[PDB]
12 protein chains.
Amino acid sequence: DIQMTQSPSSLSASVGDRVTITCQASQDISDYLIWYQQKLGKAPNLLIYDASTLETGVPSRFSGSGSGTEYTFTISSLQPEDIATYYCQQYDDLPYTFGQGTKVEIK
Amino acid sequence: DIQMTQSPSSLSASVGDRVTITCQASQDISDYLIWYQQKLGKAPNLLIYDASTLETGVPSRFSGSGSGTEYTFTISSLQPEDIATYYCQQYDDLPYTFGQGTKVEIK
Amino acid sequence: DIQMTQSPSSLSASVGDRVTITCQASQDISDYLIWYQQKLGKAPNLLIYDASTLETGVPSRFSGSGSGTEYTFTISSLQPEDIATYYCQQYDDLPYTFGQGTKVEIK
Amino acid sequence: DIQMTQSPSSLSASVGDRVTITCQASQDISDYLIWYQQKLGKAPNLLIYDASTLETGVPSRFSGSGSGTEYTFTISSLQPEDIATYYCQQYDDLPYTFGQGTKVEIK
Amino acid sequence: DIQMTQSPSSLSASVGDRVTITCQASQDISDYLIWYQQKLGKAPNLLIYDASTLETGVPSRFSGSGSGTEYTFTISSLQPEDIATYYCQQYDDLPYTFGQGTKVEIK
Amino acid sequence: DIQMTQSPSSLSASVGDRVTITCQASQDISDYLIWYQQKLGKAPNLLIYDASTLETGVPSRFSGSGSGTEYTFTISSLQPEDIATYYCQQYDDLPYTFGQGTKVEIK
Amino acid sequence: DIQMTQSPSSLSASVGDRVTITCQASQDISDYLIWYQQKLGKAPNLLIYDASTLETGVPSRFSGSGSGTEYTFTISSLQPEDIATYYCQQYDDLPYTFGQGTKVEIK
Amino acid sequence: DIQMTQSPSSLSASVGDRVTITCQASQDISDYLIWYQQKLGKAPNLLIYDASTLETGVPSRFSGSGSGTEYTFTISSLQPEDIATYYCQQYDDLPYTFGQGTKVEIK
Amino acid sequence: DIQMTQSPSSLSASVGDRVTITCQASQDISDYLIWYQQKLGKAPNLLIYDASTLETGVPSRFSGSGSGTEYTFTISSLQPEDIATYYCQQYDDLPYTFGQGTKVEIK
Amino acid sequence: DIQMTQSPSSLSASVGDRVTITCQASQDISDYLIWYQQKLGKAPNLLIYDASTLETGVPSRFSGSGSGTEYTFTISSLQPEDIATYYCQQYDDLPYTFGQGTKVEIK
Amino acid sequence: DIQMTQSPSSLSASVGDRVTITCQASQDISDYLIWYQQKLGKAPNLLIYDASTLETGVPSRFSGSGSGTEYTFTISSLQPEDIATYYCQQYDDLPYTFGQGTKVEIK
Amino acid sequence: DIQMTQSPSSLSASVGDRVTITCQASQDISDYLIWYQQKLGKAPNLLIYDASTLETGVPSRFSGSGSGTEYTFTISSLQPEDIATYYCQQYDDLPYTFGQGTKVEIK
């Protein structure tokens, strides 16, 4: 029910470039936000849990800032292995809803 | 982080062929299992929760059952629109963990 | 001289979506940042100068802000017309260095 | 403001003799003219500034000057590596208007 | 014999634009050079002769420049009917060599 | 000016026959008539100067004759390479005039 | 059966444009050459015989000359009524043989 | 002078149909009659020479009977390649006069 | 049965011209041949019967003659009225077979 | 002689029921009546003779008879392929007069 | 209910001609059939009723034929005023069905 | 006969209003009045039988009422499909009579 609006739809960046991606909660998801990396044909992996906390084993190069209905994802220094798809998912209340997803390509 | 296990990884069934995919967990993820349908290059969407609870709008043909450490998803008659990859995910304990996923191809 | 890095290269998004871009200067380029939008076949066209100020003729949708080294350009609501390439160019010292450019697209 | 007018919009040669390009200013502009080349794809790389002074690393094949209002740019020997689109930019004051541009060819 | 090398071969300019064709002769010559305007399906017509002297009638915007081995043909204001191909012929020594040609199209 | 009359406009025949073109002059220009080969979009090219004298390189197939004010052109045997527009120009007085041309072509 | 050879196959001349068509024979067809004028869908009619002898009623503008193995037909001023196909034919020796023919079009 | 009257003006016939065409000599042409086939845009070819004799290489299917002022042409068995125009020509005395011509079409 | 072939189909001729038609019978139809002229919208109208005999009401211009298998119908002088279609019909055995018909026209 | 009178001259139907056509004789004619159909374009093809006996290959849909003086022809079911014009011919004796005819339609 | 199928829809006959319309009823009926003559811009007038019984006054040439399910309307002599459209109505059972119609035009 | 009076002759109104037509009878025909729909050249069609009773298929917009010798017709709301001539026929006695009709039409 809660609409998640994520931008941009597609991306590119030279190695080591400051990337940012956003999701827009149609309602206040109270920071209940998780970030996922979906490699080319694999299950989604959890990066952040509740707006800004990273999962253990996840580099500090990946980060998230946010509040209210605006959270953001950053890959300070892009990397080849970073090529994937990042989705956000409000887990504030079921139906748990993913944002559209951001393809992330290296030029 | 409860490990999940899906199977199989791909299945070519035929128009109207009953499919049964299974996700096995590593703890009593209780009733906190959710089944997603993800179409080519689109965001995983929620079809069912509480191991078997359809979300309001889903075709009846999707049914889910099983409890505790094992769960099964079912599509009685497999229609065109269903060619998607189906993943499960446990919303019982962070990090909300998915299953390996299954690629449902048509025959 | 003064090296400009612009992020990202290309970026397809949809209408109304916020679009944010950045570009960093090799050294302090204290407020002297021009943003250029360039449509194919046409030539660079001013929109903002001094990093924040908009050339009197640009929508209030296009905006620029940034603190002394890291500047960001923002399109609050993509409208099909915005299909172009934007270049950030520093003019604190000659040669005036533009950044790599960001091709914004529809999808 | 200051309107620039370059000529032509397309301009060719079989390597050697002259490649001249017109760029007429809308009012006196000291000699704060500049010349960029956009090797189609990348961003503009400037060759001359202050009307006639080449930058560092730029071939003796490229030149131009004039004053007041009229400036011609010459490629005094078309080399193949010189495929590009050249622009002129008055930088007397803001906005920094642009010359329509010229697509230089080889034929 | 004498070898005339014209440039460019084709160029795009607009109404009001200043085009410039250039023609170099293999040897010195004083002024035995002619400029012709061959219209699409017609025989060459004489514009300027002896370099800068222009025949009776030819519009004021037509000019030839030169005093030895380097000459220029200028169309001050490029107009809809000025579309043709231009030529440089040396009537100094026989055979009467022509420069290559500059087909002039509008925009 | 000296009015020139060339004929015909067009001429189409087989790769082996005769192509005889004529040119009359408003003034017996003595013997100051030239013969050109105008291949599809290449500058004119001298073939015969002063009614009959062939220039070096010219194949005997092409001959010219004519006294005072009436001259004819003649390719004894048409070769496929002879596809062009053929022009007569008088180099007796000024301005140098031409005849409409003759797009000689095979069938 | 004396082979005959006409040329050219078609010619666009202008109102008042002198036309010269030639028929070459393979033996001394002597003076036994005849020139016909054939209008669209009408019977070839006789304008001249004995290589050059006008038939009583023909416009003076038709003249024929040449002798032995070569013959030419002429129309000094080409008028409207003349758009026809002109063939020659030898009445020297059976089978009375024509020439390839020429299509005289107007310009 | 001698009028040749040929009938019909136009014809048609299924493959293999007995065709006859006539010419009427206004004077007794003493069998000096030739038949010609004029294919769609080609020179006239001689079929018969002197009322009834065929030219060598001409099928026997084509024939001619006649005397005095009445000769006839027959194509016993019409054929596609027979599509043409047949004219008769008295060659008894100049002016050699052709009959009007018979278009011959296949239905 | 008894097959009738009529030649030719259509035939445009001019006034006073002889017009001759034929039609052959598959086997001996010893003298029993009717000729029919049919004007558009009207119906077949007798003119001759028995091959030679004319129905008392027909011009002496229309005639028929023929030896046992091959019959010919002749119109000595076409007059505009004769625009019709003629059919030859055998009546030596039922079914009485007409021939294909000959549409005679003006031109 | 014997005058036939058919009715109507035009006669239609929407396929199925009856199509009757009158043809009244001028005197007794045994039963030597005949019925032809001229599919517009081609010649008449007979269907019945001796008043009521069909020919070989003619559909059972076509019939007719009567005697003495009156004969009606019926199409007992209008088929589309039956567009035509039907005639009747008395063949008692000569001339073989015709019935005015009837243009059968479908509407 | 009962379904009357008339035929033909239109016919052309001449003065003195015998027209015949036919009308079939869906079921048996004894004679409850009427024939009407609707004149161009008028209400239907009753001609024959109960099939063959004709109303007082109607001209003698009018007749109806029938005794069960097949009926015919005959106009012995088609006259100038007989031009109308005819109809068949069954007053056996309600609703009172009509046959289609036969518009009768003269010639 | 029973004289019928219908009114009016013509009636023109808008697609939505009322069309009320009347019919009086020379004899109170009791209730044996019928109502027809006469669409441009199609057989009549029953609408109401015995003053008021609608036949199956008939839309209620059309109603009828009337005792003995005076009946009215009524389309409550005129629809564009109702374009026709409307007739009254009495089926009480013989011969069955009608009223002039009523070409009801829009504007």
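Residues numbered from 1 in each chain as written, not as in the entry; some residues may be left out. Chains lettered and ligands numbered in written order. Heavy atoms only, no water.

The name that the PDB entry assigns to chain A is BENCE-JONES KAPPA I PROTEIN BRE, with the source organism given as Homo sapiens. The title given for this PDB entry is "IMMUNOGLOBULIN LIGHT CHAIN PROTEIN".

**Student:** For this particular structure, what's the right way to read unusual backbone geometry?
**Tutor:** Most peptide bonds adopt trans geometry, and most residues besides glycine take a negative phi value. Residues F:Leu94 and F:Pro95 are joined by a peptide bond in cis, for which omega reads 0 degrees. Structurally, the position occupied by F:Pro95 is in the loop between strand 9 (84-90) and strand 10 (103-105). Of the consecutive residues G:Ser7 and G:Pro8, the connecting peptide bond is found in the cis state with omega at 0 degrees. With respect to the helices and strands, G:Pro8 occurs in the loop between strand 1 (4-7) and strand 2 (10-13). Backbone geometry places D:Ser30, a non-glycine residue, at a positive phi of 50 degrees. (Helix = DSSP H or I, 4+ residues; strand = E, 2+ residues; numbered from the N terminus.)

**Student:** Help me out: how do you make sense of the state of the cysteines in this one?
**Tutor:** All names here are of chain B. Inspection of the entire model under this criterion finds twelve disulfides over all chains. Across the disulfide from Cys 23 sits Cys 88; the S-S distance is 2.0 Å. Across the S-S bond linking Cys 23 and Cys 88, the dihedral sits near -95 degrees, which makes this disulfide left-handed. Taken together, the residues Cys 23 in strand 3 (residues 19-25) and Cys 88 in strand 9 (residues 85-90) connect sequence positions 65 residues apart. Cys 88 carries the same exposure label as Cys 23, and that label is buried. (Disulfide = S-S within 2.5 Å. Buried < 20%, exposed > 50% of the residue type's maximum accessible area, 1.4 Å probe, protein only.)

**Student:** Can you help me understand the layout of surface pockets in this one?
**Tutor:** Here the idea is plain: a probe the size of a water molecule rolls over the atoms and shows the empty space left. Taken as a whole, the largest pocket spans an internal volume of roughly 980 Å³. If you go around the largest pocket, you meet 39 residues; those closest to its centre are G:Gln38, G:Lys39, G:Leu40, G:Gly41 and H:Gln38. Elements that contribute at least two residues to the lining of the largest pocket include exactly strand 9 (85-90) and strand 11 (102-106) of chain G together with strand 9 (84-90) and strand 11 (102-106) of chain H. When grouped by side-chain class, the residues that make up the lining of the largest pocket number twelve nonpolar, 17 polar and ten charged. Size it by volume and the second largest pocket reaches roughly 850 Å³. Lining the second largest pocket are 37 residues, and of these A:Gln38, A:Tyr87, B:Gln38, B:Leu40 and B:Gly41 sit closest to its centre. Of all elements in the fold, only strand 9 (84-90) and strand 11 (102-106) of chain A together with strand 9 and strand 11 (102-106) of chain B reach the threshold of two or more residues within the lining of the second largest pocket. Here the lining of the second largest pocket is built from residues that sort into twelve nonpolar, 16 polar and nine charged. (1 Å grid on protein atoms, 1.4 Å probe; cavity = no way out; pocket = protein on both sides within 12 Å on 5 of 7 lines; lining within 4 Å. Points joined across faces, edges and corners; volume = space filled by probe spheres on them. Nonpolar A, V, L, I, M, F, W, Y, C, P; charged D, E, K, R; others polar.)

**Student:** Sorry, what's going on with the sheet that holds strand 7 (residues 62-67) of chain C here?
**Tutor:** Where strands meet in a sheet, backbone hydrogen bonds hold them as pairs that are either parallel or antiparallel. Residue and element names in this part refer to chain C. Read across the open sheet, the four strands follow the order 1-3-8-7; overall the sheet is antiparallel. Of all strands in the sheet, those with a lone pairing partner are strand 1 (4-7) and strand 7, marking the two edges. Adjacent strand axes in the sheet meet at a mean angle of 20 degrees, parallel and antiparallel pairs treated alike. Across six bridges, strand 7 lies against strand 8 (residues 70-75) in antiparallel orientation. Directly across from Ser 63, in strand 8, lies its bridge partner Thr 74. (Pairing = 2+ DSSP bridges. Axes fitted to C-alpha atoms, helices over the stretch in contact; angles between N-to-C directions.)

**Student:** I would appreciate a short explanation of a negative patch on the surface in the present structure.
**Tutor:** There is a patch of like negative charges on the surface, built from I:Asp1, I:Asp28, I:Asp31, I:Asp50, I:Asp92 and I:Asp93. Considering the arrangement of structural elements, one finds I:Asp28 in the loop between strand 3 (19-25) and strand 4 (33-38). (Patch = residues over 30% accessible without salt bridge, like charges linked within 9 Å, V, L, I, M, F, W, Y side chains within 5 Å. Areas by Shrake-Rupley, 256 points an atom, 1.4 Å probe, with all protein chains shown as cover. Salt bridge = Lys/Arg side-chain N within 4 Å of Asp/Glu carboxyl O. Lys, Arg positive; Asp, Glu negative; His and termini not counted. Charge placed at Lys NZ, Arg CZ, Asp CG, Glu CD.)

**Student:** What is the right way to read the sheet that holds strand 7 (residues 62-66) of chain E from this model?
**Tutor:** Residue and element names in this part refer to chain E. Across the sheet, which stays open at both edges, the four strands sit in the order 1-3-8-7 with antiparallel pairing between neighbours. Sheet topology places strand 1 (5-7) and strand 7 at the edges, where each strand pairs with a single neighbour. Mean inter-strand twist for the sheet, computed between neighbouring axes without regard to direction, equals 15 degrees. Two elements, strand 3 (residues 19-24) and strand 8 (residues 70-75), share six bridges in a ladder whose sense is antiparallel. Counterpart to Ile 21 in the pairing with strand 8 is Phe 73.

**Student:** Looking at this structure, I do not really get the relation of the copies chain C and chain D. What am I missing?
**Tutor:** Each of the two chain copies goes to the other by way of a rotation about an axis and a shift along it. For the pair chain C and chain D, the superposition axis carries a translation of 0.2 Å, the fit reaches an RMSD of 0.7 Å, and the rotation angle comes to 179 degrees. Here the two chains are linked by the operation of a two-fold rotation axis. In this assembly the copies share their binding face: 89% of the residues contributing to the interface of chain C also contribute to that of chain D. (Least-squares fit on C-alpha atoms. Contact = heavy atoms within 4.5 Å.)

**Student:** Help me understand the side chain of K:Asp31 in this model?
**Tutor:** Assignment of secondary structure puts K:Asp31 in the loop between strand 3 (19-24) and strand 4 (33-38). For the buried K:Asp31, no salt bridge exists, and the shortest N-O distance to an oppositely charged side chain is 17 Å, to J:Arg18.

**Student:** Please explain the interface of chain C and chain A as it appears in this structure.
**Tutor:** Size of an interface: often given as the accessible area lost when the parts come together. Chain C puts 15 residues into the contact, and the matching count from chain A is 15 residues. For chain C, the biggest contributors to the area lost against chain A are C:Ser7, C:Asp17 and C:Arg18; these three give 38% of the whole. For the interface between chain C and chain A, the tally reads two salt bridges. A:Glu70 is the partner of C:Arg18 in a salt bridge, and the nearest nitrogen-oxygen pair spans 2.7 Å. There are seven residue pairs in polar contact connecting chain C and chain A. Looking at the side of chain C that touches chain A, the elements with two or more residues in it are strand 2 (10-13) and strand 3 (19-25) of chain C. For the side of chain C that touches chain A, the element with the most residues is strand 2 of chain C, which contributes four residues. Per-class residue counts for the side of chain C that touches chain A are three nonpolar, eight polar and four charged. (Buried area = accessible area lost by both parts, 1.4 Å probe. Polar contact = N/O pair within 3.5 Å; in protein donor to acceptor, adjacent residues only side chain to side chain.)

**Student:** I'm lost on the packing of aromatic side chains in this one. Help?
**Tutor:** Two descriptors summarise a pair of aromatic rings, namely the distance from one centre to the other and the angle between the planes of the rings. For the coordinates displayed, the defined rule picks out 106 aromatic pairs over all chains. Taking 6.4 Å as the distance between ring centres and 50 degrees as the angle between the ring planes, the aromatic pair formed by A:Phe98 and B:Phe98 counts as tilted. Taken together, the positions of A:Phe98 in strand 10 (residues 97-98) and B:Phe98 in strand 10 (residues 97-98) put the pair across two chains. Residue A:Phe98 shares its accessibility class with B:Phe98, and that shared class is buried. Ring geometry for K:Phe98 and L:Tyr36: centres 5.7 Å apart, planes at 85 degrees, overall edge-to-face. Remark: L:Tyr36 occurs in strand 4 (residues 33-38) and K:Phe98 occurs in the loop between strand 9 (85-90) and strand 10 (102-106); the pair is interchain, linking two chains. Of the residues examined, L:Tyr36 reaches a relative accessible area of 0% and is grouped as buried. What links up through ring pairs into an aromatic cluster is the set A:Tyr32, A:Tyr91, A:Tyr96, B:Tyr32, B:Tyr91 and B:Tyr96. (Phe/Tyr/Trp six-rings, centres within 6.5 Å; stacked < 30°, edge-to-face > 60°.)

**Student:** Looking at this structure, how should I read empty space enclosed by the protein?
**Tutor:** Enumeration according to the criterion identifies three cavities of 30 Å³ or more in this entry. Size it by volume and the largest cavity reaches roughly 40 Å³. Along the walls of the largest cavity sit D:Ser7, D:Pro8, D:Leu11, D:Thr20, D:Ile21, D:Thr22, E:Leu11, E:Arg18, E:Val19 and E:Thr20, which together make up its complete lining. Elements with a minimum of two residues in the lining of the largest cavity: strand 3 (18-24) of chain D together with strand 3 of chain E. Here the lining of the largest cavity gets three residues from one element, more than from any other, and that element is strand 3 of chain D.

**Student:** So what exactly am I meant to see when it comes to the pairing of strand 8 (residues 70-75) of chain G here?
**Tutor:** The side chains of a regular strand alternate between the sheet's two faces. Residues and elements named next belong to chain G. By the criterion of burial, strand 8 is predominantly enclosed, with five of the six residues buried. Bridge count for strand 7 (residues 62-65) against strand 8 is four bridges, and the pairing is antiparallel. Hairpin geometry of strand 7 and strand 8 is characterised by an intervening segment of four residues between the two adjacent antiparallel strands and by a positive phi of about 95 degrees at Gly 66.

**Student:** Help me understand the environment of G:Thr5 in this model?
**Tutor:** With respect to the helices and strands, the residue G:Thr5 is situated in strand 1. Along the chain, G:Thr5 and G:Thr20 lie 15 residues apart, while their C-alpha atoms are 14 Å from each other. Other than its neighbours up to four places away in sequence, G:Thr5 contacts F:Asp17, G:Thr22, G:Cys23 and G:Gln24.

**Student:** Can you walk me through the pattern of salt bridges in this structure?
**Tutor:** In a structure, side chains of opposite charge can pair up when their charged atoms sit close to one another. Enumeration over the complete set of coordinates arrives at 29 salt bridges over all chains. With a closest N to O distance of 2.7 Å, I:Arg61 and I:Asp82 form a salt bridge. Residue I:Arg61 is located in the loop between strand 6 (53-54) and strand 7 (62-67), and its partner I:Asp82 is located in the loop between strand 8 (70-75) and strand 9 (84-90); the two are separated by 21 residues in the primary sequence. Residue classification places I:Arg61 among the buried positions, given a relative accessible area of 14%. Across the pair K:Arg61 and K:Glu81 runs a salt bridge whose closest N-O atoms are separated by 3.3 Å. Of this pair, K:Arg61 sits in the loop between strand 6 (53-54) and strand 7 (62-66) while K:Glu81 is found in the loop between strand 8 (70-75) and strand 9, placing the two residues 20 residues apart along the sequence.

**Student:** Would you mind showing me how to read the interface of chain C and chain D here?
**Tutor:** Opposite the 19 residues of chain C that make contact, chain D presents 18 residues. Between chain C and chain D lies a buried interface of about 1,400 Å² when both sides are counted; carbon and sulfur atoms form 68% of it. Of all residues in chain C, C:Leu94, C:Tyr96 and C:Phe98 give up the largest surface area on contact with chain D, accounting jointly for 31% of the area buried on that side. Put simply, chain C and chain D have zero salt bridges between them. Our count for the contact surface shared by chain C and chain D stands at four residue pairs in polar contact. The set of elements that each furnish at least two residues to the side of chain C that touches chain D consists of strand 4 (33-38), strand 5 (45-49) and strand 9 (84-90) of chain C. The element that contributes the greatest number of residues to the side of chain C that touches chain D is strand 4 of chain C, accounting for three residues.

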